[PDB]
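Okay, so we've got a single protein chain in two different forms coming up as structure tokens, structure 1 first and structure 2 after it.
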Structure 1
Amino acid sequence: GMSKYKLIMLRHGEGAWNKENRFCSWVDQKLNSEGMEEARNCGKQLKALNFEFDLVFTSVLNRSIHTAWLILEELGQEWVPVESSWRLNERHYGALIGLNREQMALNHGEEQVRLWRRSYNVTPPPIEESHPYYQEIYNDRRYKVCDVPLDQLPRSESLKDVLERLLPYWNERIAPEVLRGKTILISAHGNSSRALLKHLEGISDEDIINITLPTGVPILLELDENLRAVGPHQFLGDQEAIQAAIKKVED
């Protein structure tokens, strides 16, 4: 249980939809100017702390990939290998994708909606072919060359479901590289970062809902010989800026 490995994880800056209380989810929206600035800020902060990455993991959503590219550019580490997987994707919010709070409550019921947003293990209704964002997701050829067939990919996910499709990628692909002594960057999303932290820190089903995950802030994990967190995750950089980022993700 002694600190042996260091891992950096971060989440991209959130977009217009997030201000309108809409879930982007698997919709492949680009960074906005604020998102691009947050990625550059992360890169400059990681450079100030002399981080030297050996491997980067991202989702297949371009906002996670652009975040990594901008960080590697700020570090002068563009040669560092990048691997992308649907298993680091944001939570699939199913039928709720693109709806604000009001619209969700009207369509599905006020009770069901609380669970879907705030619970650990309640799965939202699956996205159906009638959904305006269904074709844009499932006709995208990035989902024809995943480690599971197109028709085996989820149509909706609880936070528990996110952890269950992320853990195999951690165990099989990322964890071995950490054990080799490589310094890893994970460019992830709100739910994918929360799911991995739940696993590495042994956070309860009850407590995971409440933890604060600011965007555009490097999250340092110190891991022991079992790849278990030694202490809680640590936010790197200026405490003023971090407190600001924490306020922005407040619910």
Structure 2
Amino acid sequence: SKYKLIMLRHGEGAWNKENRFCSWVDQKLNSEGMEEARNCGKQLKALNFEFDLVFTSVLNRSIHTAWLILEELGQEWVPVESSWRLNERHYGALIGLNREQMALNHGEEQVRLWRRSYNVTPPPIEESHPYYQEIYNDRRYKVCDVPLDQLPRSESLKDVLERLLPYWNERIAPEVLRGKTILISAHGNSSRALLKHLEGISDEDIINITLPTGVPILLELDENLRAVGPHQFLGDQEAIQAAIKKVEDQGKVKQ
């Protein structure tokens, strides 16, 4: 048999609009992002989606995106589970910095490696960093399945998959195999990590995969829980490609 699930990157937030690496900083959705989430809900309603379970990260932007989708569907009663293992990749010291500024300071090539490569690790975030305290002082990280002191201070995409894969295999995949309809409301890089795994994308090719905010990602899996075909974006393809280009351009120098 085959199974289909829906995954997506949270709706736009101020940091996305202002082009600043946000990562573990708990930014909220902005007005545009709330609309993106509601539109996702409307598309899923048009398709008559009936979710059984929803998985999100512990960053509120992914939770609110899910709540808006459920409201549009009239499915607010559907169980939601949130885990740090679906949190966006930890950008370390790059958190708070402007992506274009980094391109000007370090070059487009280096920024592309930091953003999309599989093995490159961002410099770790230090206690002196402006956003260190608010991240590690938050109670949500005192009750994780990993001690506060053991949580990452920066992550390569590979590091992300290493802490996300166990969650997928142990808590999400079993439900998929039970024929349940699942929604994964997450982030750009945590979603890219899962897609790399499910689609068998090489360490080299994953660098060219970019996900825009607020666009449902359709993925079909076979009996072995591997992608039957490439992931697909739901909606106007021209608009979606334009949004993808916008994300890519965040790390480029004006021309």
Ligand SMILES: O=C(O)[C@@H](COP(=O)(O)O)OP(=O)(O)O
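Only residues modelled in both forms are compared. Here, residue number means position along structure 1's sequence, counting from 1. Only the largest set of C-alpha atoms that superpose within 1.5 Å between the two forms is called the rigid core.
Of the two forms shown, the form deposited with the named molecule bound is structure 2.
Compared between structures 1 and 2 on the core, the listed residues 78, 102, 164, 83 keep their C-alpha shifts below 2 Å, save 102. In this overlay on the rigid core, residue 8 has a C-alpha that sits less than 2 Å away from its partner position between structures 1 and 2.
Once the cores line up, the CA of residue 93 ends up less than 2 angstroms apart between structures 1 and 2. Once both forms are fitted on their rigid core, the CA atom of residue 118 lies 2 Å or more apart between structures 1 and 2.
Comparing between structures 1 and 2 on a rigid core frame, one finds that residue 137 has its C-alpha moved by 0.2 Å.
Relative displacement of the residue 240 Cα between structures 1 and 2 on rigid core alignment is 4.1 Å. Once the two forms are aligned on their core, the segments of at least three consecutive shared residues with Cα displacements of 2 Å or more between structures 1 and 2 fall at 13 to 21, 101 to 119, 237 to 251.
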